[PDB]
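Just one chain is shown here, as structure tokens, and it is the form deposited in one PDB entry.
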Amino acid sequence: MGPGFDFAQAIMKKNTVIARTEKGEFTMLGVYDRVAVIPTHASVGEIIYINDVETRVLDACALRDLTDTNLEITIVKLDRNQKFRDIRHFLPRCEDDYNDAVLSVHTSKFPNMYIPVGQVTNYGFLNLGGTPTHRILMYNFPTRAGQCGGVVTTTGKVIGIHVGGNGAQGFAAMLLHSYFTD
């Protein structure tokens, strides 16, 4: 439904998996090799289910900024037998605002879901579920339970992962290229 829905669909088909923790199912974005991202409130353990396959977690790191503030992103290395397509070239280098974004979700209960959210604001600080959080993007769509881990894109950029909402607005944690230098 535009170059943006074409790009969102390409990212969902090749670079997402369904991740299940004790906290439910999440859209999980694969970034390169066996490295993926998920919201930190998924509470990733030693074992995770990936497309309903029991998978060992080789490493999991909840990112914080250099002020020691939550970013709500956990980077996970999976003991999976297959690598992701490398999409690090689609990650922005800096904090920014965006036009005409799409939020895309794929879980067992929420498959094949694409949401045009429009304008994305570099919001910055959010008290997210009582936790001070930085590098938040905001869009004016009444997102619900189900969309956590959803991927926010524009044409040719993967810009964030959905982490919350207040009934009127939705919030995503930024993805930056510098998080995934090996």
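From 1 onward, residues are counted along the sequence shown.
Quick note: we don't show the form solved in complex with a small molecule, though the next part is all about it.
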{"item": "Partner proximity in the bound PDB entry: residue 173 to the small molecule, non-hydrogen atom cutoff 4.5 Å", "value": "no"}
{"item": "4.5 Å heavy atom contact, residue 129 to the small molecule in the bound PDB entry", "value": "yes"}
{"item": "Residue contact check: residue 163 to the small molecule in the bound PDB entry, 4.5 Å heavy atom", "value": "yes"}
